[PDB]
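Step one of this worksheet: look at the structure below.
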Amino acid sequence: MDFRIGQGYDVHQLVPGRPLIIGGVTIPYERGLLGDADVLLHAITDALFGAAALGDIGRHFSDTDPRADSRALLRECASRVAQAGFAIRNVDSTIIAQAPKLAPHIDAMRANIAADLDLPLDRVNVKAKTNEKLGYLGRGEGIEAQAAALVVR
Amino acid sequence: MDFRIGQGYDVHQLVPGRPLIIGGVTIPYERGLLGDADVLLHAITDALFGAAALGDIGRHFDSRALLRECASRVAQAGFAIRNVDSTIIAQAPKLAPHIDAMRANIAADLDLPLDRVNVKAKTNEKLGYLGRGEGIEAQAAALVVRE
Amino acid sequence: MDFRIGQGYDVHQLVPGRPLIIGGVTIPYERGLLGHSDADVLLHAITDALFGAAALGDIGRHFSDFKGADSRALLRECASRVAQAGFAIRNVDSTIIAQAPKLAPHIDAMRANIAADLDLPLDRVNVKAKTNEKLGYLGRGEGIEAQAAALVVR
Ligand SMILES: Nc1ccn([C@@H]2O[C@H](CI)[C@@H](O)[C@H]2O)c(=O)n1
Ligand SMILES: Nc1ccn([C@@H]2O[C@H](CI)[C@@H](O)[C@H]2O)c(=O)n1
Ligand SMILES: Nc1ccn([C@@H]2O[C@H](CI)[C@@H](O)[C@H]2O)c(=O)n1
Ligand SMILES: [Cl-]
Ligand SMILES: [K+]
Ligand SMILES: [Zn+2]
Ligand SMILES: [Zn+2]
Ligand SMILES: [Zn+2]
């Protein structure tokens, strides 16, 4: 039927003094993202609004708007996607971070995302990459996330 | 039915004495893209050629005329365009007031209704060449179907 | 009707003294990609996109970083696991970003390798090449990046 695709990007700086929260999971580390600055949840939200052609995360959830962590935002995104007429079919994503090791936390992130989107676990995927010591990502100065989402009207 | 996906990437340097044109919209700014170097339309063009497996922009070829030709070639290969999504990564200037016009431009060029075309914008949080405003990146995804 | 999408990203450093192998093609060049396998950045990105579309995690889960491993053999194994999970591949698209060397003379060969490894006809596989317009570590030729997207159906 009426399938649509969306894609999402996000990046935040990595500094001492903030906790590291990615995909709703708090990961012990000497440093955290500046923004809860959940780079993975933001990229996924963008991908979803994109698939539904609803603009972007900033247009829905403004820095200034009096009307929240990134999971609340993800859930509101999904309701808006639903109300627009679209059912979510799957999400895939990649986190690019030189450190720390993310593999142990992947199932936790998938579980949070699946819960927030009301999806079966087998329709949510999260992957992790280093940047092979290249650029600001490779130097541990920031963390990037990429997302793809498929929906149907 | 026979769906296919494509993905596109483009980046251009920001330089003095060039108009800034993105998604076919002229945006007032001290610099512009070097190449009309419309990074957004180029990424979308590559995503569409990718979905139709027709190669890339460099193997085929202003950017709106090129986007129209791309759409022509896609249809010539037997595909219909179902939707486009995209992200512009620019530290500056503010793109928000220009986005709906970009969507309208793309929709017109692809012969698509507005609700099948999306454009999003992000800064780079002051990181890398994007963060320093040395260039602007675009990413695109397209879904087509062979009927 | 049960379609799924996946996306993939990879980057490797370019160093002297290594073969340059992208899309399974050995490309004449004074530097090659550094990695534990043959460091084929394009095949790895595609492999990740396919595992991602099937929700089977990532290339590191399946093939733990394989010393000098042929990344085409890895791609074929990935395709096998994707099929075993119940998915057929419908198409792959990809972009390589590199300052140098010129990739255009090798693109059709890369496409042919990928099609062979995924048992797809050529018309469902696409490879695009881009410079990074002189920007950043890619612009300085310090590494090569690949991006991929895949559509599958269960
Ligand atoms: N150069 C930019 C970057 C981002 N935005 C908008 O500002 C928000 C902040 I991420 C998003 O809604 C985005 O659309 C913008 O208007 N101009
Ligand atoms: N390293 C590169 C980068 C780009 N190109 C080709 O040159 C054109 C110019 I963007 C594109 O079509 C692309 O296929 C190439 O042959 N080698
Ligand atoms: N920050 C990171 C980066 C990567 N990995 C895992 O390590 C492998 C080496 I690229 C990746 O494919 C992924 O499986 C990880 O656990 N944490
Ligand atoms: Cl370059
Ligand atoms: K990038
Ligand atoms: Zn964010
Ligand atoms: Zn361009
Ligand atoms: Zn690799």
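Sequence lines set the chain letters: A, B, ... in the order given, protein chains first and strands last, and positions in each chain run from 1. Atom set for the values below is all heavy atoms of this structure, side chains included, hydrogens, waters and symmetry mates excluded.
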Side-chain touch B/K120/B/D85, heavy atoms, less than 4.5 angstrom: yes
Start with the C-alpha gap between C/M110 and C/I27, add the side-chain angles, then the distance that decides, and say whether side-chain contact (heavy atoms from CB on, under 4.5 Å) holds. CA-CA 11 Å; C/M110 298 179 187; C/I27 295 163; 3.9 Å; yes
From B/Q76 CD over to B/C70 SG, what is the distance, rounded to the nearest 0.5 angstrom? 12.5 Å
On a heavy-atom basis, the closest approach of B/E125 and A/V11 is CG-O, 3.1 Å
May I ask you to decide whether A/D65 forms a salt bridge with A/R59, counting only side-chain N to carboxylate O separations under 4.0 Å? no
How long is the gap from OG on C/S94 to CD on C/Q147, to the nearest 0.5 Å? 9.5 Å
Looking at C/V25, C/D10, C/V127, which hits side-chain contact (heavy atoms from CB on, under 4.5 Å) with C/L42? C/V127
Is the backbone N or O of B/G23 less than 3.5 Å from a side-chain atom of B/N105, with the two atoms forming a donor-acceptor pair by type? yes
A/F49-A/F61 aromatic ring centre distance below 6.0 Å: yes
Taking side chain as C-beta onward, heavy atoms only, is B/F3 less than 4.5 Å from B/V144? no
Taking the side chain as every heavy atom from C-beta outward, state whether C/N132 and C/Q99 have any pair of such atoms under 4.5 Å apart. no
Give a yes-or-no answer on whether the side chains of B/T87 and B/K122 include a donor-acceptor pair shorter than 3.5 Å. no
Do you know the tightest heavy-atom contact between A/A84 and A/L54? CB-CD1, 4.1 Å
Mark yes when over 12 heavy atoms from residues, nucleotides or ligands other than B/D100 sit less than 6.0 Å from its CG; otherwise mark no. yes
Heavy atoms of other groups near B/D62 CG, more than 12 under 6.0 Å: yes
To check you understand the geometry: which heavy-atom pair defines the closest contact between C/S71 and C/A39, and what is its length? OG-N, 4.5 Å
So which heavy atom on B/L143 is nearest to which on A/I5, and how close? N-CD1, 3.4 Å
To the nearest 0.5 Å, how far apart are OG1 in C/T131 and CD1 in C/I96? 13.0 Å
Side chain A/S62, main chain A/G58, donor-acceptor under 3.5 Å: no
Nearest-0.5 Å distance that lies between atom CZ in A/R4 and atom CG in A/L48: 14.0 Å
Hey, what do you get for CG (B/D38) to OG (B/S63), rounding to the nearest 0.5 Å? 5.0 Å
Are C/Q7 and B/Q7 linked by a side-chain donor-acceptor pair shorter than 3.5 Å? no
Heavy-atom side-chain contact between A/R31 and A/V15 under 4.5 Å: no
Looking only at heavy atoms, the pair that brings B/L110 and B/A71 closest together is CD2-CB, 3.8 Å
With a 4.5 Å heavy-atom cut-off, do B/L41 and B/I106 have their side chains touching? yes
Is the backbone of A/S70 close enough, under 3.5 Å, to the side chain of A/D36 for a donor and an acceptor to pair up by distance? yes
Give a yes or no on whether a salt bridge exists between B/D109 and B/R64, defined as a side-chain N under 4.0 angstrom from a carboxylate O. yes
Residue among C/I144, C/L14, C/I46, C/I21 satisfying side-chain contact (heavy atoms from CB on, under 4.5 Å) with C/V41: C/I144
List the steps and the verdict of salt bridge (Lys or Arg N to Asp or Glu O under 4.0 Å) for B/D115 and B/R103. CA-CA 9 Å; B/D115 64 346; B/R103 286 178 71 216; over 6 Å; no
What verdict does the side-chain contact (heavy atoms from CB on, under 4.5 Å) test give for B/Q13 and C/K134, after you've listed the backbone C-alpha separation in whole Å, the side-chain angles of each residue and the deciding distance to 0.1 Å? CA-CA 8 Å; B/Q13 297 190 84; C/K134 305 182 174 80; 4.0 Å; yes
What is the minimum heavy-atom distance between A/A99 and A/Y29, and which atoms define it? CB-OH, 3.6 Å
